[PDB]
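Text of entry.txt (compact mmCIF, C-alpha atoms) as supplied:
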# COMPACT_ATOMS: atom_id res chain seq x y z
CA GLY A 6 -8.00 -4.35 22.83
CA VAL A 7 -6.52 -1.08 21.61
CA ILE A 8 -7.00 -2.27 18.04
CA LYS A 9 -10.68 -3.14 17.51
CA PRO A 10 -11.85 -5.96 15.24
CA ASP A 11 -13.36 -3.37 12.95
CA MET A 12 -11.39 -0.21 12.34
CA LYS A 13 -12.25 2.77 10.16
CA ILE A 14 -9.73 4.24 7.74
CA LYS A 15 -9.21 7.89 6.78
CA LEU A 16 -6.40 9.12 4.56
CA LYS A 17 -5.06 11.83 2.34
CA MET A 18 -2.51 11.46 -0.41
CA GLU A 19 -0.60 14.39 -1.94
CA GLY A 20 1.00 13.03 -5.09
CA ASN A 21 2.84 14.02 -8.24
CA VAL A 22 3.52 11.72 -11.15
CA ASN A 23 5.49 12.77 -14.22
CA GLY A 24 5.00 16.34 -13.07
CA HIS A 25 1.23 16.03 -12.68
CA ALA A 26 0.09 17.07 -9.19
CA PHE A 27 -3.04 15.65 -7.55
CA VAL A 28 -4.75 14.99 -4.26
CA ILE A 29 -6.82 11.97 -3.30
CA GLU A 30 -8.84 11.56 -0.13
CA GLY A 31 -10.10 8.25 1.21
CA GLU A 32 -12.42 6.77 3.85
CA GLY A 33 -12.79 3.02 4.49
CA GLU A 34 -12.87 0.22 7.04
CA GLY A 35 -11.17 -3.11 7.59
CA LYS A 36 -10.81 -6.15 9.86
CA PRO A 37 -7.24 -5.99 11.27
CA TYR A 38 -7.25 -9.55 12.59
CA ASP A 39 -8.71 -10.96 9.39
CA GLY A 40 -6.24 -9.04 7.27
CA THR A 41 -8.76 -7.29 5.02
CA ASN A 42 -9.43 -3.65 4.19
CA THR A 43 -11.52 -1.60 1.80
CA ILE A 44 -11.20 2.09 0.98
CA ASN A 45 -13.40 4.47 -1.04
CA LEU A 46 -11.25 7.08 -2.72
CA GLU A 47 -11.91 10.36 -4.48
CA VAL A 48 -9.57 12.52 -6.51
CA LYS A 49 -9.87 15.99 -4.99
CA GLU A 50 -7.34 17.79 -7.20
CA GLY A 51 -5.68 16.91 -10.49
CA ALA A 52 -8.53 15.06 -12.16
CA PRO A 53 -8.67 13.36 -14.43
CA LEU A 54 -5.40 11.55 -13.59
CA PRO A 55 -3.28 10.98 -16.69
CA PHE A 56 -1.70 7.68 -15.54
CA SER A 57 -2.55 4.19 -14.38
CA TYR A 58 -4.43 4.16 -11.09
CA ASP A 59 -2.77 0.86 -10.19
CA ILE A 60 0.52 2.56 -9.36
CA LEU A 61 -1.30 4.18 -6.42
CA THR A 62 -3.26 1.33 -4.89
CA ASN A 63 -0.64 -0.18 -2.61
CA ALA A 64 -0.13 3.23 -1.08
CA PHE A 65 -3.78 3.17 0.00
CA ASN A 69 -1.33 -0.33 6.28
CA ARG A 70 0.01 -3.70 7.46
CA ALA A 71 -1.95 -3.44 10.70
CA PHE A 72 -4.47 -5.00 8.35
CA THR A 73 -2.69 -8.31 8.17
CA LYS A 74 -3.73 -11.74 9.48
CA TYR A 75 -0.87 -13.04 11.66
CA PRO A 76 -0.25 -16.27 13.56
CA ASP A 77 0.44 -15.78 17.28
CA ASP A 78 3.93 -17.24 16.96
CA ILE A 79 5.25 -14.44 14.68
CA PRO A 80 5.62 -11.13 16.51
CA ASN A 81 3.31 -8.56 14.89
CA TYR A 82 5.56 -5.62 14.18
CA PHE A 83 2.63 -3.53 13.05
CA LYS A 84 -0.01 -4.22 15.63
CA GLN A 85 2.43 -3.92 18.51
CA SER A 86 3.33 -0.43 17.40
CA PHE A 87 -0.06 0.95 18.50
CA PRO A 88 -1.40 3.16 19.73
CA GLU A 89 1.77 5.09 18.96
CA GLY A 90 1.72 3.93 15.36
CA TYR A 91 4.37 3.67 12.71
CA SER A 92 5.51 5.17 9.41
CA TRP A 93 6.83 3.64 6.19
CA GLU A 94 8.87 4.68 3.16
CA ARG A 95 8.73 2.80 -0.11
CA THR A 96 10.42 2.67 -3.49
CA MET A 97 8.73 0.92 -6.41
CA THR A 98 11.14 0.39 -9.27
CA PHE A 99 9.51 -0.25 -12.63
CA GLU A 100 10.68 -2.47 -15.47
CA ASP A 101 11.17 0.49 -17.80
CA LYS A 102 12.77 3.20 -15.62
CA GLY A 103 9.66 4.68 -14.10
CA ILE A 104 10.02 5.08 -10.31
CA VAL A 105 7.68 5.86 -7.47
CA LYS A 106 8.68 6.91 -4.00
CA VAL A 107 6.05 6.97 -1.28
CA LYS A 108 6.00 7.76 2.42
CA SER A 109 3.13 7.20 4.81
CA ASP A 110 2.49 8.07 8.47
CA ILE A 111 -0.07 5.82 10.18
CA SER A 112 -1.62 6.99 13.42
CA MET A 113 -4.71 6.06 15.41
CA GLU A 114 -7.69 8.09 16.68
CA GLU A 115 -10.23 6.11 18.63
CA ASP A 116 -11.36 3.26 16.35
CA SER A 117 -9.78 4.67 13.21
CA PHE A 118 -6.37 4.57 11.53
CA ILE A 119 -5.40 7.88 9.83
CA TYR A 120 -2.78 8.01 7.06
CA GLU A 121 -0.87 10.99 5.70
CA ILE A 122 0.62 9.92 2.39
CA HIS A 123 3.09 11.59 0.04
CA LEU A 124 3.84 10.06 -3.35
CA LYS A 125 6.21 11.08 -6.16
CA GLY A 126 6.40 9.17 -9.48
CA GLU A 127 8.89 10.06 -12.21
CA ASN A 128 10.46 9.03 -15.47
CA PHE A 129 7.53 7.02 -16.75
CA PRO A 130 7.92 6.50 -20.54
CA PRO A 131 5.28 8.36 -22.52
CA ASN A 132 4.45 5.23 -24.44
CA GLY A 133 4.68 2.77 -21.58
CA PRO A 134 1.69 1.02 -19.93
CA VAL A 135 1.61 3.37 -16.94
CA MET A 136 1.18 6.57 -18.98
CA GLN A 137 -0.93 4.78 -21.58
CA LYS A 138 -3.19 3.46 -18.80
CA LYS A 139 -2.82 -0.11 -20.08
CA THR A 140 -2.55 -1.91 -16.75
CA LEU A 141 -5.22 -4.36 -15.64
CA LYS A 142 -4.33 -5.08 -11.99
CA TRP A 143 -1.58 -6.16 -9.65
CA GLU A 144 -1.05 -9.91 -9.69
CA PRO A 145 -1.28 -11.60 -6.26
CA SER A 146 2.03 -11.05 -4.43
CA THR A 147 4.27 -12.30 -1.63
CA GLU A 148 6.15 -9.72 0.44
CA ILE A 149 9.26 -10.91 2.24
CA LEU A 150 9.65 -9.28 5.60
CA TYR A 151 12.75 -9.23 7.76
CA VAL A 152 14.61 -6.99 10.17
CA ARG A 153 17.31 -4.63 8.93
CA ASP A 154 19.05 -2.08 11.21
CA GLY A 155 16.45 -2.33 13.98
CA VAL A 156 13.42 -1.73 11.73
CA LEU A 157 11.36 -3.91 9.36
CA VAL A 158 12.00 -4.31 5.64
CA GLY A 159 9.63 -5.72 3.05
CA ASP A 160 10.68 -6.81 -0.42
CA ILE A 161 8.38 -7.71 -3.27
CA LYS A 162 9.16 -8.98 -6.79
CA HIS A 163 5.87 -7.72 -8.12
CA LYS A 164 4.09 -7.70 -11.47
CA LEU A 165 1.34 -5.68 -13.10
CA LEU A 166 -0.94 -7.64 -15.40
CA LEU A 167 -1.48 -5.60 -18.59
CA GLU A 168 -4.39 -5.29 -20.95
CA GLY A 169 -3.72 -8.06 -23.44
CA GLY A 170 -2.18 -10.53 -21.00
CA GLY A 171 1.41 -9.39 -20.61
CA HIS A 172 3.21 -8.36 -17.39
CA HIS A 173 5.41 -5.46 -16.28
CA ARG A 174 7.78 -5.98 -13.39
CA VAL A 175 7.86 -3.71 -10.38
CA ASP A 176 10.29 -4.22 -7.50
CA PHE A 177 9.10 -2.93 -4.11
CA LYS A 178 11.27 -2.11 -1.16
CA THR A 179 9.52 -0.82 1.92
CA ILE A 180 10.98 0.17 5.25
CA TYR A 181 8.53 0.08 8.17
CA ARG A 182 9.37 2.03 11.33
CA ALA A 183 7.48 1.49 14.58
CA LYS A 184 7.28 4.52 16.86
CA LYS A 185 8.20 2.48 19.95
CA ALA A 186 10.23 -0.56 20.90
CA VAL A 187 8.39 -3.76 19.88
CA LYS A 188 9.28 -7.46 19.73
CA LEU A 189 11.05 -8.00 16.39
CA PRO A 190 10.07 -10.93 14.19
CA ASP A 191 12.24 -13.44 12.35
CA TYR A 192 11.88 -13.45 8.57
CA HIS A 193 8.45 -14.36 7.27
CA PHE A 194 6.06 -13.72 4.40
CA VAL A 195 2.87 -11.86 3.63
CA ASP A 196 0.63 -12.96 0.78
CA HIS A 197 -1.28 -10.01 -0.71
CA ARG A 198 -4.20 -9.73 -3.11
CA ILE A 199 -5.16 -6.14 -3.97
CA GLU A 200 -7.97 -5.17 -6.32
CA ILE A 201 -9.75 -2.12 -7.62
CA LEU A 202 -13.27 -3.36 -6.87
CA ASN A 203 -14.94 -0.67 -8.97
CA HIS A 204 -14.18 2.72 -10.50
CA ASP A 205 -15.85 5.36 -12.61
CA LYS A 206 -14.60 6.21 -16.12
CA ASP A 207 -11.53 8.30 -15.23
CA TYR A 208 -11.03 6.80 -11.78
CA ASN A 209 -12.18 9.94 -9.98
CA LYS A 210 -14.12 7.61 -7.71
CA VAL A 211 -12.56 4.25 -6.83
CA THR A 212 -12.97 1.52 -4.22
CA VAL A 213 -9.85 -0.52 -3.39
CA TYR A 214 -9.76 -3.81 -1.46
CA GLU A 215 -6.80 -5.76 -0.14
CA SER A 216 -6.37 -9.05 1.69
CA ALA A 217 -3.11 -9.86 3.48
CA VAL A 218 -2.01 -12.98 5.40
CA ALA A 219 1.24 -13.67 7.17
CA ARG A 220 2.90 -17.06 6.86
CA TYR A 221 6.05 -18.92 7.87

Please, can you express the file's structure as structure tokens?
Amino acid sequence: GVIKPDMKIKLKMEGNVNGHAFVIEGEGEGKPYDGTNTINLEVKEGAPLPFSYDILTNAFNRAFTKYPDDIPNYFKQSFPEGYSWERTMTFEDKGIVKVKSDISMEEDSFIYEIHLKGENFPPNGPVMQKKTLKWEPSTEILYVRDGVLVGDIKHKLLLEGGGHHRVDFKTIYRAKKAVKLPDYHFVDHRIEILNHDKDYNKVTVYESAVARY
């Protein structure tokens, strides 16, 4: 098929959080039909990052989602043309991140061009203090809104010490062609930073995603 069972991943993120600019490049691979993906990432500019790396991970492609045949696959159907997405992550304490990503395909690889802007994070909040542990497993609710697909997530960051910090996600996914639109459904996610060096200049991220009724 146009989307192979094993696809490479190449991306670039230009970001700025609390005024701090930085660039991260990534190369990885995933199994689109199994809903898994792994990406090795390096900070090319702006190191060492002065904020929690977890706020970036979800930015590092729903084509990597396991779907049942009975739920139209908004993402996979969009190819080879591709799709783009825009997201707003609203944090418990006023911090906010806005991200946009363009996903295209080149042979057996997906290429992403990402732009991220984070602002208003409290100086003595877990993001700036780098006190986050990981994202808890999540469930994204997907449904059609104005001809495109919307995903909502009532998310939570697990903090060092055991506490949690809420983060509300709203993502709008836009296919670059007409595709069969799905009825509301859910996607269970589990994202993890598999390994990282001291200041997260070198990180490997992994995510699993499964669609369900």

My list of candidates is A:82, A:143, A:93, A:87. Which is closest to residue 167 of chain A when distances are computed with only C-alpha atoms? A:143

Neighbourhood query: residues within 10 Å of (10.6, 1.5, 9.4), file coordinates, counting all atoms listed in the file; return as a list in words.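 Checking each residue against the 10 Å limit leaves residues 82, 91, 92, 93, 94, 95, 152, 153, 154, 155, 156, 157, 158, 159, 179, 180, 181, 182, 183 and 184 of chain A.
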
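Take the candidates A:105, A:218, A:124, A:166 and check each one against residue 139 of chain A using only C-alpha atoms; the shortest distance goes to A:166.
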
Residues of segment 39-113 of chain A that approach segment 6-15 of chain A to 8 Å or less, counting all atoms listed in the file: could you list each one with the shortest pair of atoms and its distance in Å to one decimal, rows by chain and increasing residue number, as CSV?
residue,atom,partner,partner_atom,distance
A:44,CA,A:14,CA,7.2
A:84,CA,A:8,CA,7.6
A:87,CA,A:7,CA,7.5
A:88,CA,A:7,CA,6.9

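Counting only C-alpha atoms, the residue from A:118, A:177, A:129, A:75 that sits nearest to residue 55 of chain A is A:129.
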
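Atom CA of residue 134 of chain A sits 24.4 Å away from atom CA of residue 45 of chain A.
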
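Atom CA of residue 215 of chain A sits 28.2 Å away from atom CA of residue 24 of chain A.
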
Between atom CA of residue 175 of chain A and atom CA of residue 162 of chain A, what is the spacing in Å?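 If I compute the distance from atom CA of residue 162 of chain A to atom CA of residue 175 of chain A, I get 6.5 Å.
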
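Of the residues under consideration (A:209, A:132, A:57, A:146), A:146 shows the shortest atom-to-atom contact distance to residue 196 of chain A when counting only C-alpha atoms.
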
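Using only C-alpha atoms, the shortest contact distance between residue 111 of chain A and any of A:28, A:161, A:141, A:71 is found at A:71.
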
Pick out the residues sitting within 10 Å of residue 195 of chain A, and hand them over as a list in words; count all atoms listed in the file, and ignore anything fewer than 6 positions along from it in its own chain.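 Near residue 195 of chain A, the qualifying residues are residues 70, 73, 74, 75, 146, 147, 148, 149, 150, 159, 161, 216, 217, 218, 219, 220 and 221 of chain A.
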
Size and centre in Å, one decimal, axis-aligned box, all listed segment 112-126 of chain A atoms plus 8 Å per side, as lines of an AutoDock Vina configuration file:
center_x = -2.5
center_y = 7.4
center_z = 4.6
size_x = 33.8
size_y = 24.3
size_z = 44.1

What's the 7 Å shell around residue 176 of chain A, counting only C-alpha atoms, without same-chain residues fewer than 2 positions away, as a PyMOL selection string? chain A and resi 97-99+161-163+174+178

I need the residue nearest residue 81 of chain A from this list: A:193, A:102, A:172, A:25. Use only C-alpha atoms for the distance.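 Ranked by minimum distance to residue 81 of chain A, first place goes to A:193.
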
Identify, on the basis of only C-alpha atoms, every residue whose closest approach to residue 31 of chain A does not exceed 12 Å; exclude the query and any residue fewer than 6 positions from it along the same chain; express the result as a PyMOL selection string. chain A and resi 13-19+43-49+62+64-65+118-122+209-213
